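A.B. asks: Below is the file model_3.txt, which contains compact mmCIF, N, CA and C atoms.
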# COMPACT_ATOMS: atom_id res chain seq x y z
N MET A 1 92.77 118.00 95.19
CA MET A 1 94.26 118.10 95.04
C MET A 1 94.97 116.84 95.52
N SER A 2 95.37 116.00 94.57
CA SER A 2 96.06 114.76 94.88
C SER A 2 97.29 114.93 95.77
N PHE A 3 97.53 113.92 96.60
CA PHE A 3 98.67 113.92 97.50
C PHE A 3 99.50 112.66 97.25
N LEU A 4 100.81 112.82 97.26
CA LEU A 4 101.72 111.72 97.01
C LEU A 4 102.13 111.14 98.33
N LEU A 5 101.67 109.93 98.59
CA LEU A 5 101.99 109.25 99.83
C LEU A 5 103.48 109.03 100.00
N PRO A 6 104.02 109.34 101.18
CA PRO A 6 105.45 109.14 101.39
C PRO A 6 105.79 107.67 101.15
N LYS A 7 107.08 107.36 101.12
CA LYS A 7 107.55 106.00 100.93
C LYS A 7 108.71 105.70 101.86
N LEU A 8 108.64 104.56 102.53
CA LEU A 8 109.72 104.14 103.39
C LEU A 8 110.41 103.12 102.50
N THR A 9 111.73 103.20 102.40
CA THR A 9 112.45 102.30 101.51
C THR A 9 113.29 101.23 102.20
N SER A 10 113.61 101.44 103.47
CA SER A 10 114.44 100.47 104.16
C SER A 10 113.98 100.22 105.58
N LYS A 11 114.50 99.13 106.14
CA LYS A 11 114.22 98.73 107.50
C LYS A 11 114.39 99.97 108.38
N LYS A 12 115.51 100.66 108.19
CA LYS A 12 115.85 101.87 108.93
C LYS A 12 114.76 102.93 108.84
N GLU A 13 114.34 103.25 107.62
CA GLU A 13 113.29 104.25 107.42
C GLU A 13 111.99 103.85 108.11
N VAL A 14 111.67 102.56 108.09
CA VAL A 14 110.46 102.08 108.72
C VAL A 14 110.59 102.22 110.23
N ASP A 15 111.79 101.99 110.75
CA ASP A 15 112.02 102.12 112.20
C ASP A 15 111.78 103.55 112.64
N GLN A 16 112.31 104.48 111.85
CA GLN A 16 112.20 105.90 112.11
C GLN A 16 110.77 106.37 112.14
N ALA A 17 109.99 105.95 111.15
CA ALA A 17 108.58 106.33 111.08
C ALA A 17 107.83 105.86 112.32
N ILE A 18 108.19 104.68 112.81
CA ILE A 18 107.56 104.12 113.99
C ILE A 18 107.92 104.93 115.24
N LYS A 19 109.16 105.39 115.34
CA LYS A 19 109.58 106.19 116.49
C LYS A 19 109.12 107.64 116.30
N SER A 20 109.54 108.24 115.19
CA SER A 20 109.20 109.62 114.83
C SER A 20 107.72 109.97 115.01
N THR A 21 106.86 109.32 114.23
CA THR A 21 105.42 109.56 114.29
C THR A 21 104.88 109.48 115.72
N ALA A 22 104.13 110.51 116.11
CA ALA A 22 103.58 110.57 117.45
C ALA A 22 102.20 111.22 117.49
N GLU A 23 101.33 110.64 118.31
CA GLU A 23 99.96 111.09 118.51
C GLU A 23 99.01 110.79 117.37
N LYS A 24 99.55 110.27 116.27
CA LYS A 24 98.72 109.90 115.14
C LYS A 24 98.92 108.42 114.86
N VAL A 25 97.96 107.80 114.18
CA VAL A 25 98.10 106.40 113.85
C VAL A 25 99.03 106.27 112.64
N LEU A 26 100.08 105.48 112.80
CA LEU A 26 101.00 105.25 111.71
C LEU A 26 100.34 104.16 110.85
N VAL A 27 100.16 104.47 109.58
CA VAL A 27 99.57 103.53 108.64
C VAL A 27 100.67 103.04 107.70
N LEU A 28 101.04 101.77 107.82
CA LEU A 28 102.08 101.19 106.97
C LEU A 28 101.48 100.19 105.99
N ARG A 29 101.45 100.59 104.72
CA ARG A 29 100.91 99.72 103.69
C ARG A 29 102.04 98.91 103.06
N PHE A 30 102.12 97.63 103.39
CA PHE A 30 103.15 96.79 102.81
C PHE A 30 102.66 96.18 101.50
N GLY A 31 103.32 96.52 100.40
CA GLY A 31 102.91 95.97 99.12
C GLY A 31 103.91 96.24 98.02
N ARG A 32 103.38 96.64 96.87
CA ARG A 32 104.16 96.96 95.68
C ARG A 32 103.34 97.95 94.91
N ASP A 33 103.91 99.12 94.62
CA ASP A 33 103.20 100.16 93.88
C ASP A 33 102.52 99.63 92.63
N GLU A 34 103.21 98.74 91.91
CA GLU A 34 102.70 98.15 90.67
C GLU A 34 101.45 97.29 90.82
N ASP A 35 101.43 96.42 91.83
CA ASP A 35 100.29 95.53 92.07
C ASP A 35 98.92 96.20 92.00
N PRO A 36 98.00 95.60 91.22
CA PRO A 36 96.63 96.07 91.01
C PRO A 36 95.81 96.34 92.28
N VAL A 37 95.63 95.33 93.12
CA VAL A 37 94.88 95.54 94.35
C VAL A 37 95.55 96.61 95.19
N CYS A 38 96.88 96.64 95.14
CA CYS A 38 97.61 97.66 95.88
C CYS A 38 97.24 99.02 95.30
N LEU A 39 97.19 99.10 93.97
CA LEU A 39 96.84 100.35 93.31
C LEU A 39 95.48 100.84 93.79
N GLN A 40 94.55 99.91 93.96
CA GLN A 40 93.22 100.24 94.44
C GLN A 40 93.28 100.84 95.84
N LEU A 41 94.08 100.24 96.72
CA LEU A 41 94.22 100.71 98.09
C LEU A 41 94.90 102.08 98.19
N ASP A 42 96.02 102.22 97.49
CA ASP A 42 96.80 103.46 97.48
C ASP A 42 95.93 104.64 97.08
N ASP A 43 95.08 104.43 96.09
CA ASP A 43 94.20 105.49 95.64
C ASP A 43 93.38 105.95 96.85
N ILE A 44 92.78 104.98 97.54
CA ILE A 44 91.99 105.28 98.71
C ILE A 44 92.84 105.96 99.77
N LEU A 45 94.07 105.49 99.93
CA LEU A 45 94.96 106.08 100.91
C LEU A 45 95.32 107.49 100.50
N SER A 46 95.46 107.71 99.19
CA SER A 46 95.80 109.04 98.66
C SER A 46 94.67 110.03 98.86
N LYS A 47 93.47 109.66 98.42
CA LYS A 47 92.30 110.53 98.53
C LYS A 47 91.76 110.73 99.94
N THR A 48 92.39 110.14 100.94
CA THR A 48 91.90 110.33 102.30
C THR A 48 92.98 110.86 103.25
N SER A 49 94.24 110.74 102.86
CA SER A 49 95.35 111.18 103.71
C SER A 49 95.19 112.61 104.19
N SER A 50 94.84 113.49 103.26
CA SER A 50 94.64 114.90 103.56
C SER A 50 93.59 115.07 104.66
N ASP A 51 92.38 114.58 104.38
CA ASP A 51 91.27 114.67 105.32
C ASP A 51 91.61 113.99 106.65
N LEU A 52 92.67 113.19 106.67
CA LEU A 52 93.06 112.46 107.88
C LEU A 52 94.31 113.01 108.55
N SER A 53 94.93 114.00 107.92
CA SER A 53 96.15 114.61 108.45
C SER A 53 96.11 114.76 109.97
N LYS A 54 94.94 115.12 110.49
CA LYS A 54 94.74 115.32 111.92
C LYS A 54 95.06 114.11 112.81
N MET A 55 94.70 112.91 112.36
CA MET A 55 94.92 111.72 113.18
C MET A 55 95.67 110.53 112.57
N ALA A 56 96.22 110.69 111.37
CA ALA A 56 96.94 109.58 110.74
C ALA A 56 98.02 110.03 109.76
N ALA A 57 99.15 109.32 109.81
CA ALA A 57 100.29 109.57 108.91
C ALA A 57 100.42 108.28 108.11
N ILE A 58 100.40 108.39 106.79
CA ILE A 58 100.45 107.22 105.94
C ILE A 58 101.70 107.10 105.07
N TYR A 59 102.24 105.89 105.02
CA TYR A 59 103.43 105.59 104.24
C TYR A 59 103.27 104.30 103.46
N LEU A 60 103.98 104.18 102.35
CA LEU A 60 103.92 102.96 101.56
C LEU A 60 105.25 102.28 101.77
N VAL A 61 105.23 100.96 101.89
CA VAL A 61 106.44 100.18 102.09
C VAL A 61 106.47 99.01 101.11
N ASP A 62 107.60 98.84 100.43
CA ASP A 62 107.75 97.76 99.46
C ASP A 62 108.11 96.49 100.20
N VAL A 63 107.33 95.43 100.02
CA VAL A 63 107.59 94.17 100.71
C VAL A 63 108.89 93.46 100.31
N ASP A 64 109.39 93.76 99.11
CA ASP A 64 110.61 93.12 98.63
C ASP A 64 111.83 93.83 99.17
N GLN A 65 111.74 95.15 99.22
CA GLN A 65 112.81 96.00 99.69
C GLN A 65 112.97 96.02 101.21
N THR A 66 111.99 95.50 101.94
CA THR A 66 112.10 95.53 103.39
C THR A 66 111.56 94.23 103.96
N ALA A 67 112.26 93.15 103.60
CA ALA A 67 111.93 91.79 103.99
C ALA A 67 111.88 91.50 105.49
N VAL A 68 112.78 92.08 106.27
CA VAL A 68 112.76 91.82 107.71
C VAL A 68 111.41 92.15 108.34
N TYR A 69 110.86 93.33 108.02
CA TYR A 69 109.57 93.75 108.54
C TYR A 69 108.44 92.91 107.94
N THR A 70 108.54 92.63 106.65
CA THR A 70 107.54 91.82 105.98
C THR A 70 107.47 90.50 106.74
N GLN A 71 108.64 89.97 107.05
CA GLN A 71 108.75 88.72 107.77
C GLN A 71 108.23 88.90 109.20
N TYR A 72 108.67 89.98 109.85
CA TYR A 72 108.27 90.30 111.21
C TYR A 72 106.74 90.42 111.37
N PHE A 73 106.05 90.91 110.36
CA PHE A 73 104.60 91.03 110.42
C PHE A 73 103.92 89.80 109.84
N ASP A 74 104.73 88.81 109.48
CA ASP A 74 104.26 87.55 108.91
C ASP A 74 103.32 87.82 107.75
N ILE A 75 103.75 88.68 106.84
CA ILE A 75 102.97 89.06 105.68
C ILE A 75 103.13 88.09 104.51
N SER A 76 102.02 87.55 104.02
CA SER A 76 102.02 86.61 102.91
C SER A 76 101.24 87.11 101.72
N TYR A 77 100.16 87.84 101.99
CA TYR A 77 99.33 88.42 100.94
C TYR A 77 99.58 89.92 100.92
N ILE A 78 99.48 90.54 99.75
CA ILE A 78 99.63 91.99 99.67
C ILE A 78 98.39 92.51 98.98
N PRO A 79 97.96 93.72 99.33
CA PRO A 79 98.59 94.58 100.33
C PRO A 79 98.23 94.18 101.76
N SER A 80 99.12 94.46 102.70
CA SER A 80 98.88 94.19 104.11
C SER A 80 99.19 95.49 104.83
N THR A 81 98.26 95.95 105.64
CA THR A 81 98.47 97.20 106.33
C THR A 81 98.54 97.03 107.83
N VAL A 82 99.59 97.59 108.43
CA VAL A 82 99.77 97.51 109.86
C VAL A 82 99.56 98.90 110.46
N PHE A 83 99.06 98.95 111.68
CA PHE A 83 98.79 100.22 112.34
C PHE A 83 99.55 100.34 113.63
N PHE A 84 100.16 101.50 113.84
CA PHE A 84 100.94 101.78 115.03
C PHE A 84 100.49 103.09 115.66
N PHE A 85 100.78 103.26 116.94
CA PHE A 85 100.43 104.48 117.64
C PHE A 85 101.43 104.74 118.75
N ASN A 86 102.22 105.79 118.58
CA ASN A 86 103.27 106.18 119.52
C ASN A 86 104.20 105.01 119.83
N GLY A 87 104.53 104.27 118.79
CA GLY A 87 105.43 103.13 118.92
C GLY A 87 104.75 101.81 119.19
N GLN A 88 103.45 101.85 119.47
CA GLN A 88 102.71 100.64 119.77
C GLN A 88 101.97 100.02 118.58
N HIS A 89 102.25 98.74 118.34
CA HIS A 89 101.62 97.98 117.26
C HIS A 89 100.14 97.78 117.65
N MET A 90 99.22 98.40 116.93
CA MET A 90 97.80 98.27 117.27
C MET A 90 97.12 97.05 116.66
N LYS A 91 96.25 96.42 117.43
CA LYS A 91 95.52 95.26 116.95
C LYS A 91 94.09 95.67 116.63
N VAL A 92 93.55 95.17 115.52
CA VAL A 92 92.19 95.48 115.10
C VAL A 92 91.42 94.19 114.89
N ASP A 93 90.19 94.13 115.42
CA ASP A 93 89.38 92.93 115.34
C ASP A 93 88.73 92.53 114.02
N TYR A 94 88.60 93.45 113.06
CA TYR A 94 87.98 93.11 111.77
C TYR A 94 86.97 92.00 111.99
N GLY A 95 87.42 90.77 111.77
CA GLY A 95 86.58 89.61 111.98
C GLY A 95 87.45 88.37 112.10
N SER A 96 88.35 88.20 111.13
CA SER A 96 89.25 87.06 111.09
C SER A 96 90.17 86.93 112.30
N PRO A 97 90.87 85.79 112.42
CA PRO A 97 91.78 85.54 113.54
C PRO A 97 93.03 86.42 113.63
N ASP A 98 93.48 86.98 112.51
CA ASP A 98 94.67 87.82 112.55
C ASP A 98 94.31 89.27 112.82
N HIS A 99 94.49 89.70 114.07
CA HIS A 99 94.18 91.07 114.46
C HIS A 99 95.40 91.95 114.26
N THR A 100 96.49 91.33 113.83
CA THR A 100 97.76 92.02 113.65
C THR A 100 97.86 92.93 112.43
N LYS A 101 97.08 92.64 111.40
CA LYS A 101 97.14 93.43 110.19
C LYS A 101 95.87 93.32 109.36
N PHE A 102 95.54 94.37 108.62
CA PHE A 102 94.38 94.33 107.75
C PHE A 102 94.91 93.90 106.39
N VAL A 103 94.35 92.83 105.84
CA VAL A 103 94.78 92.31 104.55
C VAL A 103 93.79 92.68 103.45
N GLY A 104 94.31 93.23 102.36
CA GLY A 104 93.46 93.62 101.25
C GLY A 104 93.24 95.12 101.12
N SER A 105 92.14 95.49 100.46
CA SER A 105 91.78 96.89 100.28
C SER A 105 90.42 97.13 100.92
N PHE A 106 89.95 98.37 100.87
CA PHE A 106 88.66 98.70 101.45
C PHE A 106 87.55 98.87 100.41
N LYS A 107 86.34 98.44 100.76
CA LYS A 107 85.20 98.53 99.86
C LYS A 107 85.08 99.96 99.35
N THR A 108 85.09 100.92 100.27
CA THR A 108 84.99 102.33 99.90
C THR A 108 86.06 103.17 100.58
N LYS A 109 86.01 104.47 100.36
CA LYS A 109 86.97 105.36 100.98
C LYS A 109 86.52 105.64 102.41
N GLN A 110 85.21 105.58 102.65
CA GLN A 110 84.64 105.86 103.97
C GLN A 110 85.02 104.79 104.99
N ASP A 111 85.05 103.54 104.54
CA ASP A 111 85.42 102.42 105.39
C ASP A 111 86.73 102.76 106.11
N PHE A 112 87.77 102.97 105.31
CA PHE A 112 89.09 103.31 105.80
C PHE A 112 89.06 104.52 106.74
N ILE A 113 88.33 105.56 106.36
CA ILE A 113 88.24 106.75 107.21
C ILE A 113 87.63 106.33 108.54
N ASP A 114 86.59 105.51 108.48
CA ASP A 114 85.95 105.03 109.70
C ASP A 114 86.92 104.21 110.53
N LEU A 115 87.51 103.19 109.92
CA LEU A 115 88.45 102.34 110.65
C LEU A 115 89.51 103.16 111.38
N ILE A 116 90.01 104.19 110.69
CA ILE A 116 91.05 105.03 111.26
C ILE A 116 90.57 105.77 112.49
N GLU A 117 89.30 106.16 112.50
CA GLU A 117 88.74 106.86 113.65
C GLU A 117 88.69 105.94 114.86
N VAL A 118 88.17 104.73 114.66
CA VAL A 118 88.09 103.75 115.73
C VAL A 118 89.47 103.57 116.34
N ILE A 119 90.47 103.43 115.47
CA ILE A 119 91.84 103.24 115.94
C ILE A 119 92.31 104.47 116.69
N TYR A 120 92.14 105.63 116.09
CA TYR A 120 92.58 106.87 116.72
C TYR A 120 92.00 107.09 118.12
N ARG A 121 90.68 106.95 118.24
CA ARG A 121 90.04 107.13 119.52
C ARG A 121 90.47 106.03 120.49
N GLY A 122 90.27 104.78 120.09
CA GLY A 122 90.66 103.68 120.96
C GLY A 122 92.09 103.85 121.45
N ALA A 123 92.96 104.26 120.53
CA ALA A 123 94.37 104.47 120.84
C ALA A 123 94.55 105.67 121.75
N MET A 124 93.84 106.74 121.43
CA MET A 124 93.92 107.96 122.22
C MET A 124 93.40 107.69 123.63
N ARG A 125 92.46 106.75 123.74
CA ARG A 125 91.90 106.38 125.04
C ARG A 125 92.75 105.32 125.75
N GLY A 126 93.97 105.10 125.25
CA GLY A 126 94.87 104.13 125.85
C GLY A 126 94.61 102.66 125.57
N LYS A 127 93.84 102.32 124.53
CA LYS A 127 93.60 100.91 124.24
C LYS A 127 94.73 100.38 123.34
N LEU A 128 94.78 99.06 123.16
CA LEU A 128 95.82 98.43 122.35
C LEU A 128 95.17 97.54 121.32
N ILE A 129 93.86 97.38 121.48
CA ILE A 129 93.08 96.55 120.59
C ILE A 129 91.72 97.23 120.45
N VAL A 130 91.22 97.29 119.22
CA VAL A 130 89.93 97.92 118.95
C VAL A 130 89.19 97.08 117.92
N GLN A 131 87.89 97.29 117.80
CA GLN A 131 87.11 96.53 116.84
C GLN A 131 86.86 97.29 115.55
N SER A 132 86.87 96.55 114.45
CA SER A 132 86.63 97.15 113.14
C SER A 132 85.18 97.58 113.03
N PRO A 133 84.94 98.82 112.60
CA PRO A 133 83.59 99.36 112.44
C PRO A 133 83.04 98.95 111.09
N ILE A 134 83.87 98.26 110.31
CA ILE A 134 83.49 97.86 108.96
C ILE A 134 83.56 96.36 108.63
N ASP A 135 83.83 96.08 107.36
CA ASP A 135 83.94 94.73 106.82
C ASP A 135 85.08 94.79 105.79
N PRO A 136 85.74 93.66 105.51
CA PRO A 136 86.83 93.69 104.52
C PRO A 136 86.35 94.06 103.13
N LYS A 137 86.61 93.17 102.18
CA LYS A 137 86.26 93.39 100.79
C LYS A 137 86.86 92.25 99.98
Represent the supplied structure as structure tokens.
C.D. replies:
Amino acid sequence: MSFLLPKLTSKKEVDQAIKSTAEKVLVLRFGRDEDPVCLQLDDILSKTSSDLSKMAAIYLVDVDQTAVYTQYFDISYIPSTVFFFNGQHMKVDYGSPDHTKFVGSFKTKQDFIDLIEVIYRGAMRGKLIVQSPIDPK
């Protein structure tokens, strides 16, 4: 049963999601619904959101419609996904120098599910930085 990922449309809405959301990892996908690679990611985000309801809330954000945040996260490539937890911007080690955001899509649906667990636990255990259990794509 497909699920329609919510959408934040303005700076304000994104602020609210960051404050509102609690105890779960806020997943903010900055991109464009139309974009191909974004389409690939959203599918993965769609087919896993349900199974992740317990520890993650996912939203899609248009990079054109919310430039301040796009700028604030220093986003240049799309899709770019940022993770938050109870208001805290979470850092993930993946591999590259930018621990601030995951750039691109995931090889599989399991990757993302895995990454989310690492974040959830690390975050639940009071950490602010965690290591990626996977690889990009």
A.B. asks: For each of A:48, A:131, A:108, A:80, take the minimum atom-to-atom distance to residue 31 in chain A, counting all atoms listed in the file, then give the residue where this is smallest.
C.D. replies: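 Distance minimum relative to residue 31 in chain A lands on A:80.
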A.B. asks: Measuring atom to atom with only N, CA and C atoms, identify which of A:79, A:128, A:3, A:120 is nearest to residue 38 in chain A.
C.D. replies: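 Distance minimum relative to residue 38 in chain A lands on A:79.
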A.B. asks: I want to know what sits within 9 Å of residue 22 in chain A, based on only C-alpha atoms, with residues of the same chain fewer than 6 positions away left out; could you give that as a ChimeraX atom specification?
C.D. replies: /A:85-87
A.B. asks: What is the atom N of residue 39 in chain A-atom C of residue 105 in chain A distance in Å, reported with one decimal?
C.D. replies: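 Atom C of residue 105 in chain A lies at a distance of 9.9 Å from atom N of residue 39 in chain A.
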A.B. asks: Go ahead and compute the interatomic distance for CA of residue 103 in chain A and atom C of residue 76 in chain A, in Å to one decimal.
C.D. replies: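 These atoms are spaced 8.8 Å apart.
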A.B. asks: Nearest residue to residue 27 in chain A out of A:81, A:110, A:10, A:88, using all atoms listed in the file?
C.D. replies: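 Closest to residue 27 in chain A of all the choices is A:81.
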A.B. asks: Mind giving me the straight-line distance from CA of residue 34 in chain A to atom C of residue 115 in chain A in Å, one decimal?
C.D. replies: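 Separation of CA of residue 34 in chain A and atom C of residue 115 in chain A: 25.1 Å.
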A.B. asks: I'd like to know which of A:29, A:7, A:109, A:54 is closest to residue 82 in chain A, using only C-alpha atoms.
C.D. replies: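 That would be A:29, the residue with the smallest distance to residue 82 in chain A.
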A.B. asks: Considering only C-alpha atoms, state which residue in the set A:100, A:70, A:16, A:2 is at the smallest distance from residue 50 in chain A.
C.D. replies: A:2
A.B. asks: Would you list the contacts of residue 62 in chain A as a list in words, taking every protein, DNA or RNA residue within 6.5 Å and counting all atoms listed in the file, but skipping same-chain residues closer than 3 positions in sequence?
C.D. replies: residues 8, 9, 29, 30, 31, 32, 33, 65, 66 and 67 of chain A
A.B. asks: Here is a test: counting only N, CA and C atoms, which residue of A:55, A:113, A:47, A:60 is nearest to residue 1 in chain A?
C.D. replies: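 Checking each candidate against residue 1 in chain A, we get A:47 as the closest.
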A.B. asks: Please provide as a list in words all residues within 7 Å of residue 111 in chain A, with the sequence filter that same-chain residues fewer than 4 positions apart are discarded (counting all atoms listed in the file).
C.D. replies: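 Residues meeting the cut-off are residues 106, 107, 115, 116, 134 and 135 of chain A.
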A.B. asks: Using only C-alpha atoms, determine which residues lie at most 12 Å from residue 68 in chain A, disregarding the query and same-chain residues fewer than 6 positions distant; provide the list as a VMD selection string.
C.D. replies: chain A and resid 10 to 12 14 to 15 30 61 to 62 74 to 75
A.B. asks: With N, CA and C atoms kept, could you save the residues just selected as an mmCIF file, in the coordinates of the input?
C.D. replies:
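So the final result, stored in selection.cif, reads:
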data_model
loop_
_atom_site.group_PDB
_atom_site.id
_atom_site.type_symbol
_atom_site.label_atom_id
_atom_site.label_comp_id
_atom_site.auth_asym_id
_atom_site.auth_seq_id
_atom_site.Cartn_x
_atom_site.Cartn_y
_atom_site.Cartn_z
ATOM 1 N N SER A 10 113.610 101.440 103.470
ATOM 2 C CA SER A 10 114.440 100.470 104.160
ATOM 3 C C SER A 10 113.980 100.220 105.580
ATOM 4 N N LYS A 11 114.500 99.130 106.140
ATOM 5 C CA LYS A 11 114.220 98.730 107.500
ATOM 6 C C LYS A 11 114.390 99.970 108.380
ATOM 7 N N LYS A 12 115.510 100.660 108.190
ATOM 8 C CA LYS A 12 115.850 101.870 108.930
ATOM 9 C C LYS A 12 114.760 102.930 108.840
ATOM 10 N N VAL A 14 111.670 102.560 108.090
ATOM 11 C CA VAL A 14 110.460 102.080 108.720
ATOM 12 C C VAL A 14 110.590 102.220 110.230
ATOM 13 N N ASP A 15 111.790 101.990 110.750
ATOM 14 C CA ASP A 15 112.020 102.120 112.200
ATOM 15 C C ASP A 15 111.780 103.550 112.640
ATOM 16 N N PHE A 30 102.120 97.630 103.390
ATOM 17 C CA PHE A 30 103.150 96.790 102.810
ATOM 18 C C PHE A 30 102.660 96.180 101.500
ATOM 19 N N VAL A 61 105.230 100.960 101.890
ATOM 20 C CA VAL A 61 106.440 100.180 102.090
ATOM 21 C C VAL A 61 106.470 99.010 101.110
ATOM 22 N N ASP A 62 107.600 98.840 100.430
ATOM 23 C CA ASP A 62 107.750 97.760 99.460
ATOM 24 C C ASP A 62 108.110 96.490 100.200
ATOM 25 N N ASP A 74 104.730 88.810 109.480
ATOM 26 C CA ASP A 74 104.260 87.550 108.910
ATOM 27 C C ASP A 74 103.320 87.820 107.750
ATOM 28 N N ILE A 75 103.750 88.680 106.840
ATOM 29 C CA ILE A 75 102.970 89.060 105.680
ATOM 30 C C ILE A 75 103.130 88.090 104.510
#
A.B. asks: Quick one: axis-aligned box around all listed atoms of range 57-61 of chain A, 8 Å on every side, centre and edge lengths in Å to one decimal, written as AutoDock Vina command-line options.
C.D. replies:
--center_x 102.8 --center_y 104.3 --center_z 105.5 --size_x 23.3 --size_y 26.6 --size_z 24.7
A.B. asks: Taking the chain letters and numbering used in this document, name the residues of range 37-111 of chain A that DSSP puts in strand (DSSP E or B), as a list in words.
C.D. replies: residues 56, 57, 58, 59, 60, 61, 62, 80, 81, 82, 83, 84, 85, 88, 89, 90, 91, 92, 102 and 103 of chain A
A.B. asks: From range 34-66 of chain A, collect each residue whose DSSP state is helix (DSSP H, G or I) and return the set as a PyMOL selection string.
C.D. replies: chain A and resi 36-52
A.B. asks: Quick one: residues within 6.5 Å of (94.5, 111.6, 102.0) (file frame), counting all atoms listed in the file, please, as a list in words.
C.D. replies: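 Within 6.5 Å of (94.5, 111.6, 102.0), the protein and nucleic acid residues are residues 44, 45, 46, 47, 48, 49, 50, 51, 52 and 53 of chain A.
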